[PDB]
Structure formats: structure tokens, C-alpha cells
Amino acid sequence: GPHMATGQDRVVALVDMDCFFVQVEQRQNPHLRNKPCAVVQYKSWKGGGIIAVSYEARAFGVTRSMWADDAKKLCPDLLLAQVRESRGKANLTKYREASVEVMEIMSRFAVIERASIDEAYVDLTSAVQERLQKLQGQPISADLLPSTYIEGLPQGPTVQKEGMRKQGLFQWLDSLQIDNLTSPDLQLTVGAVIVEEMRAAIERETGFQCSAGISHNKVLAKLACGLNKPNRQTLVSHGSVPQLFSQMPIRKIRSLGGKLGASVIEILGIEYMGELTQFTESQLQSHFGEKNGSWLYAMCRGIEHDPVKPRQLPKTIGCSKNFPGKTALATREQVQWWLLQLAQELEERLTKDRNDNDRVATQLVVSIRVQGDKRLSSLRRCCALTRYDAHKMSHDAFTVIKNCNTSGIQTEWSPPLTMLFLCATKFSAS
DNA sequence: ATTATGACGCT
DNA sequence: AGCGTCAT
Ligand SMILES: Nc1nc2c(ncn2[C@H]2C[C@H](O)[C@@H](COP(=O)(O)NP(=O)(O)OP(=O)(O)O)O2)c(=O)[nH]1
Ligand SMILES: [Mn+2]
Ligand SMILES: [Mn+2]
């Protein structure tokens, strides 16, 4: 009862850019704005593979992973922007630089955890305590939450999307106890006011729109963020969780989309996240291991303790390229040439990283995939990264992988390589 | 020929 | 250290 801690200590937000690479290209090229648009990598094979899709194009059924030729079948007026190519491969530098723009704005409001190229978590607990101090018990006006949805509201006792949003927000605000600076619902509401400000700052200073989730932990904030995309933010309160999870497919929760979520569904004979509540912590640990079991036991009650890590920069810097089918590398000259191309891109990114961020990588991880292997990596080998020199890095990568060539002939490579991947890791402050 | 990465758990 | 999982 009273000692039953409900994981409402923290205010956590997740901010995720809407169709991010598309917005980067639309900012650069106004002709693409407010159009069905997608971003593609490469062109020759089936028109290139789509990795980002404007919401106008999603209305026609265009999705990531679709070949552009097929997307064009669904949406003949679809506009396409191609990722830059450098040294024979896709080069994502434009999107990484845009990402840095956004992350630097978010960092003004709180310490962030960079979780991908286009999203970050924010622990707003302290900023909320400050804004509550300033408010002096003053209520929160709906005018301060102009793009906020309250998940699960309105309820009970209407035809337009914005009208529904405002109805739900009024029900939420009317029920708020603003004299209690420790009410979790009030704390989430103040967090949402701050996130409105953060999102306004991002759009004003970059031209990019984003969505956001506000809840008591990272998993709920991420899920909330997705609920009302694009260009809106969603507050998922602790109290909204039973209804939200009652019909929430297990796979929708981050980390349960793969084999583990399939095993939850199959072993327990359930479909929805809320059904997990009927099992004891020990039962879940017995099926899914001690860590997963404890995580599931708390998560189906809306509780998760994973902290917002103070980390604005990526932990690794890596370069990869596939060589599918008849393009797989089957000679020693080919392997050396592409290792050098990857290594030159890596050198460039690493030198820029060192100048910006006062750190140096110390370990180089070489990953390859060999033909006829379905796994992502067929083999991973690490070596020391002592100089930011592409020729040295590619020579060392070759040295650590060259024992994989089963060809007796010196010139040929067998079986051919369908993937090369260089990753710089283990950063030290320089 | 669902590509380019990046985080993280496991042993 | 090297592999597997989840991601998108
Ligand atoms: N190279 C590469 N980039 C990718 C891939 N998948 C995504 N990206 C890039 C392109 C994406 O723009 C970006 C961010 O990924 P999201 O947040 O998952 N999708 P978005 O922001 O587009 O739309 P939404 O409004 O639904 O959040 O990552 C991929 O498989 N490969
Ligand atoms: Mn996004
Ligand atoms: Mn994202």
C-alpha cells in the first residue's frame, strides 16, 4: 500500500525529430516542403532504399525499407532526396551535423542522453522543481500547453482533432492539485510546459519540427512520443497506464519487438502488455531471466528505473558498407580498396570529433560478413587505434581480418565479403 | 539487393 | 574479447 513505490519520482521526456532526414532536406530545398517526400540511399538498384518518409507520403503507404521504385508505384508524385555519396559509399554527415544543432539546443534545458541521430531523453525532475518554485502555486493555463495531448483523456461525458485535444487537456488541468509541489501529475504537467518551450526553441532555431513524450521514465516517454506524431507532444501519466497497456501489443514496447517479446507472447499465452500483471516477479524471472523478469514485472505496472545517462555524444564512431550479391569483394585489391575508403571516411569523422569534443578513440573494431552468412557480422576483431591515419587503420584492419581468406590463391578472396565495418571505440579525454 | 549505423547484454 | 539482440 503506502510503501509500494510507484516509480513516479522522475520527470523524463523523449524528444524525437519528425521524419528527420526528410526535414533536413526540406530545410535545404524549399521545393520539397509540404510535399510527399522521402530520403533514399543509392539509386541504381530499384531506385534506392527509403530510410525516411514525410507524413504526406506516409498517407500513400510509403514506408522506410521500401525501394523507391515501389514507393513510386504507391505515390507517383513522390519527391526523393538522395543521401550524399563519398568515397563510393553513403555519407550521412549532413544529418549528423543537423543532429548536433538539435542536441545543443536541448542541452540548454537539461543534461540529455543522446539516444539516436534524431532523439534524446531529458531528465526534467530538477527543472520542474525550479519552475514549481517560480509558479508559487499558480495554476497551469492551457495556453502554456498548446500542442500537448493527455493520453486517455477526454473520458466520459468533439468532432475535430484539435477539439478533442483541448477537451482532454481541460479535463486534465481541472483535476490538478496545484497546491502540492510533490504531486506527480502536477510535476508531469510542468515538465510538459518545459517541453513545449524546448520544442519551440528547436523549431525557431533550426526550422525542424519534433514530437515528444513526457512521463515518469524513458520507456513510457518514448511510447508517449509516438502516440501523436507529428509535431505534437503527449503526456502519459502513471494513472493512464492500466488502460493504455490493456490493449497495447507487447511488441510495441521498446526491446520487446524481437525474439524476447515473441517468447513472452508464446510462453505466457498473452497478447497485451497489461496481461503481464497477473504473473509474479519470480514467475517472470523464471521464464525470461532475472533481469528481464524484474524489468517486465515493473514495466507492465508503468515502472522503469533506467536512468537518463549524461551523454550528448555517441560512444562509437563507425563506417559500414554492404556488398550484396554479385558486388561482393572477391579480390585482395578490392578488399584493400574498400577498407581504405571506409578508413578515410572514419579518419575524417574522427579528426572532426577530436577537434570538437576533446577526446580520442583508442580501439578499432573490424567487422565483416561473408557470403552465405545470414548474420549481421560474420566476424569481429579488434586492434589498437593509435593514429588517426586512414592508411594505417586500413592496413591494420586488413591484418586482423586477412586470416579469413580461405583462398589458396594470393589475389583472390574467398568466400567473398558482403560487408565491411570499421568502428572506432573506447574514447579517452585528450 | 531491408542499408548504415549505434547501443547494449551475454559469456 | 567476440558474439547476439534489438533497433530503425
Ligand atoms: N542509414 C539509415 N538511416 C536510418 C535508418 N532508419 C532510420 N534512419 C534515419 C532516417 C530517419 O529520418 C532518422 C531518424 O529515425 P526515426 O526517428 O526512427 N524516423 P523519422 O525521424 O524519419 O520519422 P518519425 O517522425 O516517425 O520519427 O534515422 C536506416 O535503416 N539506415
Ligand atoms: Mn524521428
Ligand atoms: Mn528516432
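Lettering of chains follows the sequences in order, A, B, ..., and the numbering in each one begins at 1. Computed from heavy atoms alone, side chains included, the values below leave out hydrogens, waters and symmetry copies.
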Counting the atoms with a prime plus P, OP1 and OP2 as sugar-phosphate, which does [X] contact under 4.0 Å by heavy atoms, base, sugar-phosphate, or nothing?
X	answer
A:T327	base
A:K309	sugar-phosphate
A:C423	nothing
A:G49	nothing
A:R349	sugar-phosphate
A:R251	nothing
A:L256	sugar-phosphate
A:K291	sugar-phosphate
A:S320	base
A:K89	sugar-phosphate

Of the nucleotides [options], which has the atom closest to the [X] side chain?
X	options	value
A:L92	B:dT2, B:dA1, B:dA4	B:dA4
A:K222	C:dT8, B:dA7, B:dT5	C:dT8
A:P324	B:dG6, C:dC3, B:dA1	B:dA1
A:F421	B:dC8, C:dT8, B:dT5	B:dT5
A:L376	C:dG2, C:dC6, B:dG9	C:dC6
A:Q41	B:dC8, B:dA4, C:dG2	B:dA4
A:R96	C:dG4, C:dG2, B:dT5	B:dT5
A:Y42	C:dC3, B:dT2, B:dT3	B:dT3
A:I51	B:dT3, B:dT5, C:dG4	B:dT3
A:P314	C:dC3, C:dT5, B:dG6	B:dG6

Strictly below 4.0 Å: does [X] bring a side-chain N or O up to OP1 or OP2 of [N]?
X	N	value
A:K46	B:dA1	no
A:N322	B:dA4	yes
A:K374	B:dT2	no
A:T316	B:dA7	yes
A:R375	C:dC3	no
A:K321	B:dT3	no

> Say you pick atom P in B:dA1 and the same atom in C:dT8; how far apart are they, in whole Å?
Replying inline: 24 Å

Rounded distance in Å - [atom1] ([X]) to [atom2] ([N]):
X	N	atom1	atom2	answer
A:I317	B:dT5	CD1	P	11 Å
A:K43	B:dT3	NZ	P	15 Å
A:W67	B:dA1	CH2	P	9 Å
A:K94	B:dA4	NZ	P	17 Å
A:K426	B:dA7	NZ	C1'	13 Å
A:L364	C:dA1	CG	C1'	15 Å
A:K252	C:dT8	NZ	P	11 Å
A:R380	C:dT5	CZ	P	11 Å

> Within 45 degrees of the axis of the six-membered ring of A:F60 and under 6.0 Å from its centre: does A:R58 put its NZ or CZ there?
Replying inline: no

> With nearest nucleotides of DNA chain B determined for A:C319 and A:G325 from heavy-atom distances, which residue corresponds to the more 5′ nucleotide?
Replying inline: A:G325

> On DNA chain B, nearest-nucleotide positions of A:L342 versus A:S65: which is more 5'?
Replying inline: A:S65

>> Centre-to-centre under 6.0 Å for A:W295 and A:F288, is that the case here?
In response: no

>> I want to know whether A:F20 and A:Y95 have ring centres closer than 6.0 Å.
In response: no

Indicate whether any N or O donor in one side chain lies under 3.5 Å from an N or O acceptor in the other, for [X] and [Y].
X	Y	answer
A:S116	A:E119	yes
A:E203	A:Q209	yes
A:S377	A:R369	no

> Can you find a donor-acceptor N/O pair under 3.5 angstrom joining the side chain of A:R114 to the base of B:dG6?
Replying inline: no

> With a 3.5 Å cut-off and just heavy-atom distances, do the side chain of A:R64 and the base of B:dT3 make a donor-acceptor pair?
Replying inline: yes

> What distance separates A:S240 OG from A:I150 CD1, expressed to the nearest 0.5 Å?
Replying inline: 9.5 Å

>> Would you say NZ of A:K72 has more than 12 non-hydrogen atoms from neighbouring residues, nucleotides or ligands within 6.0 angstrom?
In response: yes

